[PDB]
Amino acid sequence: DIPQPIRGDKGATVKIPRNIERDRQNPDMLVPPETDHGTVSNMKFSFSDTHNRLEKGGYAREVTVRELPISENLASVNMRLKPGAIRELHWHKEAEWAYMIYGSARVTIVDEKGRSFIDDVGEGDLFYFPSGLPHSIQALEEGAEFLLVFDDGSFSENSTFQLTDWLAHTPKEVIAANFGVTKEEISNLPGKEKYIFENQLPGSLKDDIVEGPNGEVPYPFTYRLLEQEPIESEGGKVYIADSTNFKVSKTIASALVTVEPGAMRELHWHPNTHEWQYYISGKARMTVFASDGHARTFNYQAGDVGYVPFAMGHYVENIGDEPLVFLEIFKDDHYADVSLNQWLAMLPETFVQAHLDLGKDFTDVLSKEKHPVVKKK
Amino acid sequence: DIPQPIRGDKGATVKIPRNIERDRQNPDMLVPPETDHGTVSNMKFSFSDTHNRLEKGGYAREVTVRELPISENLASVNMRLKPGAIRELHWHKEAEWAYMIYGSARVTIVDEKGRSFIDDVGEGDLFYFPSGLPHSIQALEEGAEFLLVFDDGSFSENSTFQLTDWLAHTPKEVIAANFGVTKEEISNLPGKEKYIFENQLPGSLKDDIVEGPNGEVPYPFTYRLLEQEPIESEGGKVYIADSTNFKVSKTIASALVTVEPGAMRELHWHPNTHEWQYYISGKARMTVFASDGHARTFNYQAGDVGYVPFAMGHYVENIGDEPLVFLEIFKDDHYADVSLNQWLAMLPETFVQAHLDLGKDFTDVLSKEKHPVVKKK
Amino acid sequence: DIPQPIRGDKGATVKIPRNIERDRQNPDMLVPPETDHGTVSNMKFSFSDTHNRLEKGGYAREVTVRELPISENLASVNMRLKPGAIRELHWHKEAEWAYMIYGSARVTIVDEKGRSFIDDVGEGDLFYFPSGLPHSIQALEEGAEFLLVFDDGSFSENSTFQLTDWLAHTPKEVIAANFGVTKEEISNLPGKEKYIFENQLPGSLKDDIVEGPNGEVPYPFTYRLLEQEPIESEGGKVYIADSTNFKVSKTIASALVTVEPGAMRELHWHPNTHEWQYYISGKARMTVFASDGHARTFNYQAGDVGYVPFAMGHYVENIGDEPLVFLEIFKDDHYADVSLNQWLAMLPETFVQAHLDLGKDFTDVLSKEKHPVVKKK
Amino acid sequence: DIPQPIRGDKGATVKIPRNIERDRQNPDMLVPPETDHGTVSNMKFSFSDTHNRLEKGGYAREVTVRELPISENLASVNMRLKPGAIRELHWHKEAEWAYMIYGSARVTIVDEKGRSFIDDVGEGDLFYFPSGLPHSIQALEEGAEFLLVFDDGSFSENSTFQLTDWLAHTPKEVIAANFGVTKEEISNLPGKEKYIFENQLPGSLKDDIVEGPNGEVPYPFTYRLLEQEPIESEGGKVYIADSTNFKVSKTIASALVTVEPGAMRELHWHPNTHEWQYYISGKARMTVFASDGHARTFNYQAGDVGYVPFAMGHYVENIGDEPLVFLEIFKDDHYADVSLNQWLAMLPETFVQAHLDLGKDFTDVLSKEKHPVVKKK
Amino acid sequence: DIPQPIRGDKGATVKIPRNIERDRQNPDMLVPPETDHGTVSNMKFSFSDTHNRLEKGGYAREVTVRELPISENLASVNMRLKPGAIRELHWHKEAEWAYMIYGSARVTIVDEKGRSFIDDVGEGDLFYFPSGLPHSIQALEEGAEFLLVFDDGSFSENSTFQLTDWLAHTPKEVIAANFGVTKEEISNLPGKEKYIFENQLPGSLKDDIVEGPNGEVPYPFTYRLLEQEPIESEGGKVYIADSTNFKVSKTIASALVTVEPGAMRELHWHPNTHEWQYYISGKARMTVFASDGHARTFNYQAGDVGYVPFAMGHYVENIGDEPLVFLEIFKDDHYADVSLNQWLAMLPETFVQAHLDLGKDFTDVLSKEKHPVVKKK
Ligand SMILES: [Co+2]
Ligand SMILES: [Co+2]
Ligand SMILES: [Co+2]
Ligand SMILES: [Co+2]
Ligand SMILES: [Co+2]
Ligand SMILES: [Co+2]
Ligand SMILES: [Co+2]
Ligand SMILES: [Co+2]
Ligand SMILES: [Co+2]
Ligand SMILES: [Co+2]
């Protein structure tokens, strides 16, 4: 049927032309909980509402601070590559973190000491490129689609540094003198960037490996997140990757969260930094508690970006009949949360009861072990 | 008698209605030293000039960047609790540092790993809560009055995150699902925050201690400052607590300084960061030397906040007949100063004489040992 | 007696060393009204808490954004001159408005067309100097003390442009070529600025007037504020000067308000801009209403600066037994206010009743005429 | 002859009065490479275009963010001292790094623990003073001329903290009480700063050394850069000093680069931070590649400051017949670059060929060893 | 000969490699007047130090806030066109003012009511294009070279809105629907912008004029500056154009100043706004007096930009043997200045004497008429 912004005796039918589809995707916004209050920034933006850059070989679209101004420290690109297609050799000012949602791809990277790392990634794997280090992505036989996250909200991926672009804007005399070749020998350099371009499939990983007088990199730039043992609680699963296990990932900590229907990521906050979210699949609502009696609830589904400013209280509730699967990203060297449940369980029961005006029947259910995802009884 | 802004042949009597009381509290402002020069920001604000928030169980008032704009990195709350009264369980974005001026109180804190620390503090003790970590304060039988310092000037304590406020702005369905209880069971949750509230006195410390599967915290969140051996020089005493002795205090370094009458905190500066001051008792003047021939003198007494921007030269002189007692606060992992006296004592005497146009009779009195507080002969 | 921050069952006695004199000056800050709520910036500062610059012939002290950061658009100097003493010929980037509180002075100004205006100002008169136009102030037989207001909060009086300072930092060859004289004829130029200097009394005003070829200025730069007919209401008087009557005063609108014991400047706000206040004599309290359930009360007396950000609700109550006299200053081309009383009086009484849940007995007292100052019955 | 802004069919003769000398110093600006494109900030400023402060004993002139706004993190002073002349004892907020271009000088420094270090420096030596630590420079028998670099673009050296200035603006009573002497004994203190002043030559280094109860400094504050073994490639030499070899230099990394005629600093970028440059001798051009098809070429010669924002591609080409010698400065704890040549040499040749549309004849010349300076064949 | 930074006993010879040619251009910077003091921003930049954009038909180079950061409100382009060459139809956010230094050009503009103005401008004429109004410039038989000034310092000429660029980035279906034509009829549209392009000479002005239904523009967009009567004084001429005579020039006031050898633009300041300068021919020095004892002298010659922040004192002295010709530009609706001479001449002579410690022999030379340019006697 047709939803209306009505809650008990409050609200009214909509009398003007409206976007009923979007209203149906945002039931907790058209009709917020009575417990919402006050001004809170927007914490939700869909990749479907962004310009998609189409190239021969795939596409790329972004959610940055220009779409979602609350997220000043983190931005993201949803990138797709056809089989064999190459995201051109390049670098940026920002560090890059990635999750492989679909397919597989080969990455390259050269570090500051001239050492190369080349590796394949599959679904559920991560990669991380430190700031300034040059890299590439090439999709294998199935193609690839993945999420890139960059540690500056102002990022733009029409504005990174491309190999062929650099050369196209360096005097020919200089390129020739740099390499010890003639101007003639470099006459066929492309006159513009490629960005994404089609290419034949690469050979075996084993045959791409390049040996150097500087040795192997000390830590890999890929990580098999789904092959780790998750934190398992009743209604779901949590896989964490930060700089304590994925060693190179110094500026980005991540978690992949799965929430079964009827379950929720429990009430908690982060005492370290802001949370940036991407919703891979499913449907959720989350209330952000902003202090001083301020709270706003948001709805999310596949393709949405979410956000929770530093230290604000939140939960993520599955409100659909399918699994809810989302990433949590933090610009920091480690993941950390404080669980509301565990916090109160570790305090004297009389003290908690004095706060909450509730009795022993509440404090008895408190648990001193942390269960990030909990399921309704 | 009635003081006038007159110094030698300079200045004149006041001919308009005036605040004679305040003028008497500020003799070095109504009549600055001839050596003051140029524009310098205000470095002085009284808690008596702030709004006091009164609650059942005590009060709290603050000096922030909105009162004292030079102090952008540090703000402070003067908080008072009646016996048994509780400063409600809460958290903030800022780290918190505290000094117990009067009475005693019990604190609680839970860290990111779910480990609890509960302890009593008495006069002269400190506590420190890292950013984001939740905590509480409850005054014991004498009540309590203490100074809180927060590591962001923009702090406001009507704007921290309260337990009952968070719950009051979370949908009931969500609270019930989070804990595995019915909406009925949480029906009596307060509909608003408490902030400070009255409560019966707590039992023994020994009986409040809560055991956990995550073990004890690695370092205590309280510190007995007055039980340490002070640096002792002729006219006073200095007790320092930074992250090298009070291990958890990573973002705040402190010193409690006592200056006998006729004595002064010697000429020095800090090569690391800004100094924030609180005057516990007594009366002082301080000249801040701001470079480029700029200097301004300020007066201080009990209840005043003071400040010295990064690297500016200063001293703190007791100008009353009682002990002068004040705190120095630094947003850094350690205390450090450069003493003017010791600096010059460690340089060739001819070199110093060449600078100062003074002879061997001056350089002979220079001391290579540091005496933070010196007494007039 | 000794005031305590106690109101019924709220609050507690002060247990730490305190500023009792300042507490007596701020009773509505030590014990605010219970209707106060939430974070509001400081709206109060005393000239007695500022460094007084003393010179041969008088003094100058200032309240600027460095003292009162809410006041970004307006700054003030309290300046005193002994008989005959001269505030040196100078100019600034800011426009300058002034109120003569004590004595009398001669002012000079030259405009952009090379025309001069020279006039005497006594108690209750104003002057106004448009931005960048050069001027001077010289006290007459009685000396002078006055309040200067500048239309930028970042103002400093140590940093305006002084005549002798300009000449001291111009090459002697250039000064010589500028006036067609030799270097020797200007060798006695002061090597530095004077700022304020002693001098004999000037002669009669009529013998100082300088005629020239560009004619008289079109509008005077002085105004006799107390010689106008004030708005008189039950408990006081209001004298207004803005660009509509004091024609040159384009960037500053002003009002002098007198409030008898037991009276108040009524509840109102300004739809145009911020209010800057100076308290000439008497004792006051004001609550600033900041919207969204935020309000904060402040106390003021002789020598205090006050402030009310744009559109915020306020009243100014006399809480002493002597008349309360203050200036209201606005950076705009006219004075404007909305009176709470007059506003409701101009609406249908039943509409007002539906809002306030009061009856005809309330709406019957509302007045359609504006009475800016009302007296307690 | 007379150069014109003409390149092939583009540009035109200059028809207005012009600066032919400067045009001759900037041939790649009057006539940029065709490969330049788009808006790029200015990356070049000459010390010859700055105000020189002359004192008895030498001079000092600066290039700061007020001259070169792209350089917000780094500023520089070119300072000259006559034999025996002393740069007065002082300190700043910024850390200081220096290179001795001509002559020799003695430095002093006292650290936070009261330990002194006194040492001589000669041509090609460096010194580094951590922020806030007080120091001095005195030229020996040949005099001295050197480059100072400060780690804040906003630096000004008329605004650092001078010993005699501090004392000149401290009340005499306070100075006397600080040292335990009479006001009489300090009567001859200078009434103003000296900054740079003449003085007789110092005695032996051995006789200036001052012994302390706090021991020797753990790491020296001077460094003999030219006595280290340089990285040697075909057309030049690179000497690097960062915090890994010059231990105290925590915030500044440096390299001195020598480029023979016909040679160039190869194409590279820095993945860590911005580059600041000083051209000691010779003549160069450099193209800064700013991403998104933006590139601008600049010319440089002795006395010029240059700059390369974080991660932008660049090279430095000798375009004269003398050696090109320049400093590269980075605000970071280590030097790091990525060499374009080595980057591509460490990747599969087919992959590189696919990017560049070039064959095996290009990829064969790629070198896996880094040669910072390369010479034309 | 070889200039050295030596003035009497102050300064020393330059011991490091140096830019002797630039030093010869800046003698009052290598050896400033002793009356100079303190930190002042750079007020000088050369067009010769900027990247010259070369196109078929001419060139464009710019001085913006990225070159001269003190100039935040005004930027400039030196543009050259060959005979018949066209600066492509375009518009910008900034208003545009121009002075024709060489040759002649045809300009077009269309206003907000759809009315067109087309006119020819020769040497010494101005044009002005209000913000956002579309225009073009086309050189006549001689070619043209001119100075453009834009009322925002952040301007870039690579980033204005070009006709063909707009069409190139609009969907072909939309362009077709916009004009009621087919996609094929617009297939020959340029695929990119032209910016500057060659073209045959236009015909007579009379045959270019386009009549339309909205009528003639009310005020012309060109002005014959050199055909007005200048202010003539002893050593030169001043021609002023602002909104009072050149009616459309609402945001830019201008003056062309000619100063004979041995003459100077007298000591004055502007009470309204900043001054931006361009030096057309000749050689000058100017001291900018910045208040508080700060002043700095700069040298200028043909091709230089200069600046004087709001209200700062200045003069412009011809220091060569040829006439000195420069533009003064102000972002305001009128030109205004206060003359130091005229100012003092309009005050009582004894008041002036008391300030300057000079006698009647000085005040007797003061002139009540403004002479903007004075000649050395
Ligand atoms: Co990338
Ligand atoms: Co979270
Ligand atoms: Co707290
Ligand atoms: Co200190
Ligand atoms: Co004035
Ligand atoms: Co008002
Ligand atoms: Co230094
Ligand atoms: Co480099
Ligand atoms: Co244009
Ligand atoms: Co001028």
# chains A, B, ... in the order shown; residues from 1 in each chain; ligands from 1
call {"tool": "residues_near_ligand", "arguments": {"ligand": "ligand 1", "cutoff": "12 Å", "atoms": "only C-alpha atoms and all ligand atoms", "output": "ChimeraX atom specification"}}
result
/A:60,76-79,86-98,107-109,127-138,147-151,155-163,195-196
call {"tool": "residues_around", "arguments": {"residues": "residue 317 of chain C", "least_positions_apart": "3", "cutoff": "7 Å", "atoms": "only C-alpha atoms", "output": "PDB file with N, CA, C and O atoms, in the first residue's frame"}}
result
ATOM      1  N   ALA C 263      12.815  49.154  37.284  1.00  0.00           N
ATOM      2  CA  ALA C 263      12.356  49.153  35.897  1.00  0.00           C
ATOM      3  C   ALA C 263      13.201  48.209  35.026  1.00  0.00           C
ATOM      4  O   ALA C 263      14.217  47.686  35.484  1.00  0.00           O
ATOM      5  N   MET C 264      12.783  47.986  33.778  1.00  0.00           N
ATOM      6  CA  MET C 264      13.557  47.149  32.855  1.00  0.00           C
ATOM      7  C   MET C 264      13.403  47.578  31.400  1.00  0.00           C
ATOM      8  O   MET C 264      12.329  48.038  31.001  1.00  0.00           O
ATOM      9  N   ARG C 265      14.472  47.434  30.616  1.00  0.00           N
ATOM     10  CA  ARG C 265      14.367  47.458  29.152  1.00  0.00           C
ATOM     11  C   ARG C 265      13.579  46.198  28.775  1.00  0.00           C
ATOM     12  O   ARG C 265      14.012  45.090  29.079  1.00  0.00           O
ATOM     13  N   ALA C 284      22.889  45.522  36.441  1.00  0.00           N
ATOM     14  CA  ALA C 284      21.877  44.905  35.583  1.00  0.00           C
ATOM     15  C   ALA C 284      21.986  43.390  35.557  1.00  0.00           C
ATOM     16  O   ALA C 284      23.032  42.828  35.900  1.00  0.00           O
ATOM     17  N   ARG C 285      20.906  42.742  35.128  1.00  0.00           N
ATOM     18  CA  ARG C 285      20.984  41.382  34.611  1.00  0.00           C
ATOM     19  C   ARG C 285      20.235  41.282  33.291  1.00  0.00           C
ATOM     20  O   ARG C 285      19.269  42.016  33.038  1.00  0.00           O
ATOM     21  N   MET C 286      20.693  40.366  32.452  1.00  0.00           N
ATOM     22  CA  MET C 286      20.079  40.135  31.160  1.00  0.00           C
ATOM     23  C   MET C 286      20.101  38.644  30.908  1.00  0.00           C
ATOM     24  O   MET C 286      21.121  37.998  31.136  1.00  0.00           O
TER      25      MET C 286
END
call {"tool": "closest_atom_pairs", "arguments": {"of": "chain D", "to": "chain A", "cutoff": "8 Å", "atoms": "only C-alpha atoms", "output": "Markdown table"}}
result
| residue | atom | partner | partner_atom | distance |
| --- | --- | --- | --- | --- |
| D:33 | CA | A:171 | CA | 6.2 |
| D:34 | CA | A:171 | CA | 7.4 |
| D:35 | CA | A:169 | CA | 4.5 |
| D:36 | CA | A:169 | CA | 6.0 |
| D:37 | CA | A:169 | CA | 7.4 |
| D:264 | CA | A:178 | CA | 7.7 |
| D:266 | CA | A:178 | CA | 5.8 |
| D:267 | CA | A:178 | CA | 6.7 |
| D:270 | CA | A:132 | CA | 7.1 |
| D:271 | CA | A:132 | CA | 3.8 |
| D:272 | CA | A:132 | CA | 6.7 |
| D:287 | CA | A:170 | CA | 7.1 |
| D:289 | CA | A:166 | CA | 6.3 |
| D:290 | CA | A:161 | CA | 7.7 |
| D:291 | CA | A:161 | CA | 4.9 |
| D:292 | CA | A:159 | CA | 5.0 |
| D:293 | CA | A:165 | CA | 6.1 |
| D:294 | CA | A:169 | CA | 7.4 |
| D:295 | CA | A:169 | CA | 6.2 |
| D:310 | CA | A:93 | CA | 7.1 |
| D:311 | CA | A:132 | CA | 6.1 |
| D:312 | CA | A:161 | CA | 8.0 |
| D:313 | CA | A:166 | CA | 7.2 |
| D:336 | CA | A:112 | CA | 6.2 |
| D:337 | CA | A:112 | CA | 6.0 |
| D:338 | CA | A:112 | CA | 5.5 |
| D:339 | CA | A:114 | CA | 7.9 |
| D:341 | CA | A:179 | CA | 7.2 |
| D:342 | CA | A:114 | CA | 6.4 |
| D:343 | CA | A:110 | CA | 6.2 |
| D:346 | CA | A:210 | CA | 6.0 |
| D:347 | CA | A:210 | CA | 6.4 |
| D:348 | CA | A:208 | CA | 5.8 |
| D:354 | CA | A:199 | CA | 7.8 |
| D:355 | CA | A:164 | CA | 7.2 |
| D:356 | CA | A:189 | CA | 5.5 |
| D:357 | CA | A:189 | CA | 6.0 |
| D:358 | CA | A:188 | CA | 6.6 |
| D:362 | CA | A:185 | CA | 7.2 |
| D:365 | CA | A:179 | CA | 6.8 |
| D:366 | CA | A:179 | CA | 7.1 |
| D:368 | CA | A:212 | CA | 6.9 |
| D:369 | CA | A:213 | CA | 7.5 |
| D:370 | CA | A:114 | CA | 7.9 |
| D:374 | CA | A:178 | CA | 6.8 |
| D:375 | CA | A:177 | CA | 7.4 |
| D:376 | CA | A:177 | CA | 5.4 |
| D:377 | CA | A:180 | CA | 6.4 |
call {"tool": "select_by_dssp", "arguments": {"residues": "segment 102-302 of chain A", "states": "helix (DSSP H, G or I)", "output": "list in words"}}
result
residues 163, 164, 165, 166, 167, 168, 172, 173, 174, 175, 176, 177, 178, 179, 184, 185, 186, 205, 206, 207, 208, 225, 226 and 227 of chain A
call {"tool": "residues_around", "arguments": {"residues": "segment 325-328 of chain B", "least_positions_apart": "6", "cutoff": "6 Å", "atoms": "only C-alpha atoms", "output": "list in words"}}
result
residues 254, 255, 256, 257, 258, 276, 277, 278, 279, 280 and 281 of chain B
call {"tool": "write_last_selection", "arguments": {"atoms": "C-alpha atoms", "output": "PDB file, in the first residue's frame"}}
result
ATOM      1  CA  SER B 254      50.552  18.242  34.720  1.00  0.00           C
ATOM      2  CA  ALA B 255      52.406  19.937  37.526  1.00  0.00           C
ATOM      3  CA  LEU B 256      51.174  21.186  40.891  1.00  0.00           C
ATOM      4  CA  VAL B 257      53.290  24.138  42.028  1.00  0.00           C
ATOM      5  CA  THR B 258      53.532  25.639  45.506  1.00  0.00           C
ATOM      6  CA  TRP B 276      47.040  26.085  30.711  1.00  0.00           C
ATOM      7  CA  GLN B 277      46.828  27.161  34.377  1.00  0.00           C
ATOM      8  CA  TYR B 278      44.393  26.910  37.274  1.00  0.00           C
ATOM      9  CA  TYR B 279      44.940  28.923  40.441  1.00  0.00           C
ATOM     10  CA  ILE B 280      43.895  26.845  43.443  1.00  0.00           C
ATOM     11  CA  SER B 281      44.828  29.410  46.094  1.00  0.00           C
TER      12      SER B 281
END
call {"tool": "select_by_dssp", "arguments": {"residues": "segment 60-246 of chain D", "states": "strand (DSSP E or B)", "output": "number ranges by chain"}}
result
D: 60-63, 75-81, 86-91, 96-110, 116-122, 125-129, 135-150, 161-162, 196-197, 222-224, 231-233, 236-241
call {"tool": "write_last_selection", "arguments": {"atoms": "C-alpha atoms", "output": "JSON list (two decimals), in the first residue's frame"}}
result
[["chain", "number", "residue", "atom", "x", "y", "z"],
["D", 60, "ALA", "CA", 69.34, 38.19, 6.69],
["D", 61, "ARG", "CA", 66.56, 37.86, 4.14],
["D", 62, "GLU", "CA", 63.67, 35.39, 3.89],
["D", 63, "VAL", "CA", 61.38, 33.51, 1.57],
["D", 75, "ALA", "CA", 60.20, 28.84, 5.06],
["D", 76, "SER", "CA", 63.82, 29.93, 4.77],
["D", 77, "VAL", "CA", 66.33, 32.57, 5.74],
["D", 78, "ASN", "CA", 69.55, 33.40, 3.91],
["D", 79, "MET", "CA", 71.83, 34.70, 6.68],
["D", 80, "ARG", "CA", 75.32, 36.26, 6.46],
["D", 81, "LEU", "CA", 77.76, 36.94, 9.32],
["D", 86, "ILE", "CA", 76.97, 36.80, 16.51],
["D", 87, "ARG", "CA", 73.40, 35.87, 15.67],
["D", 88, "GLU", "CA", 71.99, 36.65, 19.13],
["D", 89, "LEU", "CA", 70.93, 33.86, 21.53],
["D", 90, "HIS", "CA", 67.30, 33.01, 20.75],
["D", 91, "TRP", "CA", 64.61, 30.41, 20.18],
["D", 96, "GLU", "CA", 65.53, 24.92, 12.41],
["D", 97, "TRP", "CA", 67.71, 23.17, 9.81],
["D", 98, "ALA", "CA", 70.78, 24.69, 8.22],
["D", 99, "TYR", "CA", 73.38, 24.21, 5.47],
["D", 100, "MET", "CA", 76.74, 26.01, 5.52],
["D", 101, "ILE", "CA", 77.34, 27.36, 2.02],
["D", 102, "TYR", "CA", 80.31, 29.58, 2.85],
["D", 103, "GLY", "CA", 82.82, 29.91, 5.68],
["D", 104, "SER", "CA", 82.44, 28.56, 9.19],
["D", 105, "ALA", "CA", 80.66, 29.26, 12.45],
["D", 106, "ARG", "CA", 80.28, 28.12, 16.03],
["D", 107, "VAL", "CA", 76.84, 27.12, 17.30],
["D", 108, "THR", "CA", 75.52, 26.66, 20.82],
["D", 109, "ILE", "CA", 72.39, 24.88, 22.00],
["D", 110, "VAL", "CA", 70.94, 23.86, 25.36],
["D", 116, "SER", "CA", 74.88, 22.02, 26.34],
["D", 117, "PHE", "CA", 76.34, 21.27, 22.92],
["D", 118, "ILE", "CA", 78.87, 23.61, 21.36],
["D", 119, "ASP", "CA", 80.52, 22.86, 18.04],
["D", 120, "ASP", "CA", 82.04, 24.41, 14.92],
["D", 121, "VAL", "CA", 80.59, 23.90, 11.43],
["D", 122, "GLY", "CA", 82.34, 24.34, 8.08],
["D", 125, "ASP", "CA", 78.12, 20.83, 7.24],
["D", 126, "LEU", "CA", 74.57, 20.92, 8.63],
["D", 127, "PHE", "CA", 73.03, 21.81, 11.96],
["D", 128, "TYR", "CA", 69.54, 21.19, 13.38],
["D", 129, "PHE", "CA", 67.84, 22.79, 16.39],
["D", 135, "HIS", "CA", 70.67, 28.57, 20.28],
["D", 136, "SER", "CA", 73.21, 30.94, 18.74],
["D", 137, "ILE", "CA", 75.53, 31.22, 15.74],
["D", 138, "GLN", "CA", 78.89, 33.00, 15.68],
["D", 139, "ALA", "CA", 81.00, 33.25, 12.53],
["D", 140, "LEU", "CA", 84.75, 32.43, 12.76],
["D", 141, "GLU", "CA", 87.69, 34.11, 10.93],
["D", 142, "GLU", "CA", 86.36, 33.81, 7.35],
["D", 143, "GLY", "CA", 82.86, 34.89, 8.32],
["D", 144, "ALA", "CA", 79.89, 32.75, 7.27],
["D", 145, "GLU", "CA", 76.92, 32.52, 4.93],
["D", 146, "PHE", "CA", 74.34, 29.78, 5.26],
["D", 147, "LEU", "CA", 70.77, 28.70, 4.53],
["D", 148, "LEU", "CA", 68.26, 28.29, 7.38],
["D", 149, "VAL", "CA", 65.08, 26.31, 6.85],
["D", 150, "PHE", "CA", 62.17, 26.41, 9.32],
["D", 161, "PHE", "CA", 62.33, 35.09, 20.77],
["D", 162, "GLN", "CA", 65.50, 36.99, 21.68],
["D", 196, "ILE", "CA", 73.01, 40.43, 14.87],
["D", 197, "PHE", "CA", 75.95, 42.26, 16.45],
["D", 222, "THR", "CA", 75.78, 19.11, 13.76],
["D", 223, "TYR", "CA", 76.42, 16.77, 10.83],
["D", 224, "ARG", "CA", 79.20, 16.55, 8.24],
["D", 231, "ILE", "CA", 74.97, 7.92, -3.97],
["D", 232, "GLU", "CA", 76.89, 8.08, -7.23],
["D", 233, "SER", "CA", 75.28, 7.74, -10.62],
["D", 236, "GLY", "CA", 76.01, 13.39, -10.56],
["D", 237, "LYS", "CA", 75.99, 12.85, -6.79],
["D", 238, "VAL", "CA", 73.37, 12.69, -4.01],
["D", 239, "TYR", "CA", 74.09, 13.15, -0.27],
["D", 240, "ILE", "CA", 71.11, 12.36, 1.95],
["D", 241, "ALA", "CA", 70.67, 13.38, 5.60]]
